[PDB]
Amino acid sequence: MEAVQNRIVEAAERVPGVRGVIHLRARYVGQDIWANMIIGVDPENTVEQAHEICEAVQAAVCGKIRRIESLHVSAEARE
């Protein structure tokens, strides 16, 4: 698990607009990972931008870590 978590964080931090991973909760459902995470974003991004960054994160992380079968990503202002 720690290895997979590190990969998740690393992958999310490489997406344009991510200001760190604020929270990540991952669990195994069998051999699959289900995860929920919160990213920081620029407070001055629009809500639509923040939604776009979240969807980019989801795409990036799921594309890199094939065992993830469910990933929810939300955003919070971070300075």
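Each residue number is its position in the shown sequence, starting from 1.
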Among the modelled residues of its chain, the C-alpha B-factor of residue 48 falls in the third labelled middle
For residue 69, the third of its chain by CA B-factor is the lowest
Of the three thirds of the chain ranked by Cα temperature factor, residue 37 occupies the lowest
Residue 54: CA B-factor among chain residues, third -> lowest
